[PDB]
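Everything on this sheet refers to the single structure shown next.
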Amino acid sequence: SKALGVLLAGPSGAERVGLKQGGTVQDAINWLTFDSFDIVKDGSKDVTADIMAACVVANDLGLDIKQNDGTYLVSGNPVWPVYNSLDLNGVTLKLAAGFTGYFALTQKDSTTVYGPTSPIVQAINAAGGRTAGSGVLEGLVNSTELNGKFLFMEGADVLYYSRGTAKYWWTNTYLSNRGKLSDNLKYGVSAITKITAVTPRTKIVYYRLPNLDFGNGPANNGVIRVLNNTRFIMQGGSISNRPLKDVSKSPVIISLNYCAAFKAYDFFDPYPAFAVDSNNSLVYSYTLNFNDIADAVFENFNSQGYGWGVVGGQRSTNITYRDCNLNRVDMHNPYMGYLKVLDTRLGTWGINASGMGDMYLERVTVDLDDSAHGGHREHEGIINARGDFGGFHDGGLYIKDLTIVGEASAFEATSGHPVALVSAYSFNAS
Amino acid sequence: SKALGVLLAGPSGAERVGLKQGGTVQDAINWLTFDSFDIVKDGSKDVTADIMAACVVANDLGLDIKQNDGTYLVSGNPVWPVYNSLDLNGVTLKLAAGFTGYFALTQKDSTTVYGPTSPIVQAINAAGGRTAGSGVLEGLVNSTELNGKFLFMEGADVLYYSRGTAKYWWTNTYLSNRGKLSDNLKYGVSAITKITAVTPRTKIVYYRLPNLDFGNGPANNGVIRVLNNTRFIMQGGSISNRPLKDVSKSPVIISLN
């Protein structure tokens, strides 16, 4: 009836084979692979739906995914969710021209949102501790609901105007217990309107990014997206066969959102994207793009050359760049806390960051050559504030051992003078 | 005749055993070990030719090698080539007194040499951008041949003399596209005579070095050699039983190129 060989090939097969050191083969193996589902890996078939089914199985069982070879063709707009570690070092993804999907690397059941009518928010608004330089919220001293969490708060006071739109009070910080915040409030607020709380993991997860093939020239808004995540380490990843021109497109590679306490590592990009409009004028495109992050370290990133700035950040806290090779470091919406750039080589754009904190620079080299861009230059200096936010930087700038090479002659021919060192101004006061 | 016992021991095998989470045992294991070839690992036999055979199989299939225990006795002057990751943490290599071989960790066709007569070199020599502080080679503005590569170039002008021997112009840099260099030239050069171009990997490889036993005292010119390589991480490694004196010898451990 039920014979060996038929039993061995079934799901309960590895449980019947014993090991010399003890136990069975099933005990040792505890991970999943793409080969476990017979996914075609010669690039000759669309496997968008097959990869999605594999991710669903792993999330239910709570296992890691490992795969170190093969090339896969994908198309459409899938959303692949991953709740655990993912190892794709050695895998190439071949994207179709109309691809608009992404990997969604998330933490399961990690975020709670409190609205303006929630009991927690009302208790904060009825007590003190909402002044500048405060480090304690007096309304949470005898409460344990938000203990040991990362808090992303919003307020009801206007701070500045950007492109005619009012921007409101905000603060990202960490709460240990009895109302104590890690980062003090730089400005006071009349009332709190929203709180987003993220719980740190009880474990460390590892992401090993694959190689992305851009031969057909897709223009997604992020292929690797990390949302509501803590305590992860991201290593590797690259781009291949990137086209020289990207007419009327704005590709984005990596995007982060509501993340804290992580570190990224040696992503390699042979050269950045060069995207233009119908009038042959440069438009934006990013290799890395993040919103609402805290306590982040970026090390050994590589994206240097002509094109738009490869980094775009907004509303962050305590960011560090170490040993990187980028053509720009940027923050559109202001940062708070500190921003550190250590042992880094920069391109012609320099640094463009409005902020409510302190900027530290140590052993940084800047290369000013800008021949491929005609004379286009948004800000006239090397270290700048944001011209579309008013040009303010409410904090100090401390520089040690800065080195300048290049000349930036293309900009000089258009304007008549070289670049400044530090600039802070507004494009339009209204 | 095709008995189940004989079938299970062949190359078909783990593909006939299923896992609870899905797939087969074969789909989970994708690496090679020194124990896969029954290499004697108590130091009582010379296994130089057996280690070479293991490396050839791994290179052909594009797999990684992993071994975490055992002591191996080696001799001669073998060249063991490795194209992928290598893990020898916990392994001791016993070197015979006359050992002169090494591991060769390479990148499998990552380099290209352009000589003084190549069209690429002649294009550079016929244009501008060869001055001090220059960041662009004007002869490559409309070329895509060297895009995204590391360049090791040599020139024709004498810079200084060492031990009565002239030394010539050089520079090492990276080129993104449209002839833009990452590091500006410090001195101008009249003509460029050689270019070596290395392509970065689309992956990261990991090297975990073994323990080397120098009891017999060999003095070869490098036991671990890395050539024409990019995007790797090296960890570990040690020396044991190093003699206090090395009369008429010059040992080298690690060399890069």
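In the structure tokens, chains take letters A, B, ... by order of appearance, with residues numbered from 1 within each chain and ligands from 1 in the order shown.
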
inquiry  = Excluding residue 94 (chain B) and its own-chain neighbours fewer than 5 positions away, which residues fall within 12 Å of it when counting only C-alpha atoms? Please give them as a count of residues only.
reply    = 27

Check which residues of chain A sit at most 9 Å from chain B using only C-alpha atoms, and return one row each with the closest pair of atoms and their distance in Å to one decimal, ordered by chain and rising number, as a tab-separated table.
residue	atom	partner	partner_atom	distance
A:4	CA	B:4	CA	8.8
A:5	CA	B:16	CA	7.5
A:7	CA	B:17	CA	8.7
A:8	CA	B:17	CA	5.1
A:9	CA	B:18	CA	4.8
A:10	CA	B:18	CA	5.3
A:11	CA	B:20	CA	4.5
A:12	CA	B:20	CA	5.9
A:13	CA	B:18	CA	4.7
A:14	CA	B:19	CA	5.6
A:15	CA	B:19	CA	8.1
A:25	CA	B:25	CA	8.5
A:26	CA	B:19	CA	6.7
A:29	CA	B:28	CA	7.5
A:30	CA	B:21	CA	8.0
A:31	CA	B:28	CA	7.7
A:32	CA	B:28	CA	7.2
A:33	CA	B:28	CA	6.7
A:34	CA	B:27	CA	8.5
A:35	CA	B:27	CA	5.7
A:36	CA	B:23	CA	4.0
A:37	CA	B:23	CA	6.3
A:38	CA	B:23	CA	8.3
A:57	CA	B:21	CA	8.5
A:58	CA	B:21	CA	8.5
A:61	CA	B:21	CA	7.8
A:63	CA	B:21	CA	8.9
A:66	CA	B:28	CA	8.6
A:68	CA	B:30	CA	8.6
A:89	CA	B:203	CA	6.2
A:90	CA	B:203	CA	5.6
A:91	CA	B:203	CA	8.4
A:92	CA	B:202	CA	8.6
A:210	CA	B:203	CA	7.9
A:211	CA	B:202	CA	6.3
A:236	CA	B:204	CA	6.9
A:237	CA	B:203	CA	7.3
A:238	CA	B:202	CA	6.4
A:239	CA	B:202	CA	7.9
A:240	CA	B:202	CA	7.7
A:244	CA	B:177	CA	8.5
A:266	CA	B:231	CA	8.9
A:268	CA	B:202	CA	8.5
A:269	CA	B:148	CA	8.9
A:270	CA	B:148	CA	5.1
A:271	CA	B:176	CA	5.5
A:272	CA	B:176	CA	8.7
A:304	CA	B:176	CA	7.3
A:305	CA	B:176	CA	5.9
A:306	CA	B:177	CA	8.0
A:367	CA	B:182	CA	8.3
A:369	CA	B:135	CA	7.0
A:371	CA	B:136	CA	8.7
A:372	CA	B:178	CA	8.1
A:405	CA	B:184	CA	7.8
A:406	CA	B:133	CA	7.1

query = CA of residue 152 (chain A) and CA of residue 336 (chain A) are how many Å apart?
reply =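 Spanning CA of residue 152 (chain A) to CA of residue 336 (chain A) is a straight-line distance of 12.6 Å.
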
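The two atoms in question, CA of residue 156 (chain A) and CA of residue 112 (chain A), are spaced 20.3 Å apart.
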
Can you build me a table of region 62-170 of chain A residues sitting at most 9 Å from region 385-400 of chain A, with the closest atom pair per residue and its distance in Å to one decimal, using only C-alpha atoms, sorted by chain and residue number, as CSV?
residue,atom,partner,partner_atom,distance
A:160,CA,A:389,CA,7.1
A:161,CA,A:389,CA,6.4
A:162,CA,A:389,CA,5.0
A:163,CA,A:388,CA,6.6

inquiry  = Please list as a VMD selection string every residue within 10 Å of residue 80 (chain A), counting only C-alpha atoms and excluding residues in the same chain fewer than 2 positions away.
reply    = chain A and resid 48 to 49 51 to 56 77 to 78 82 101 to 105
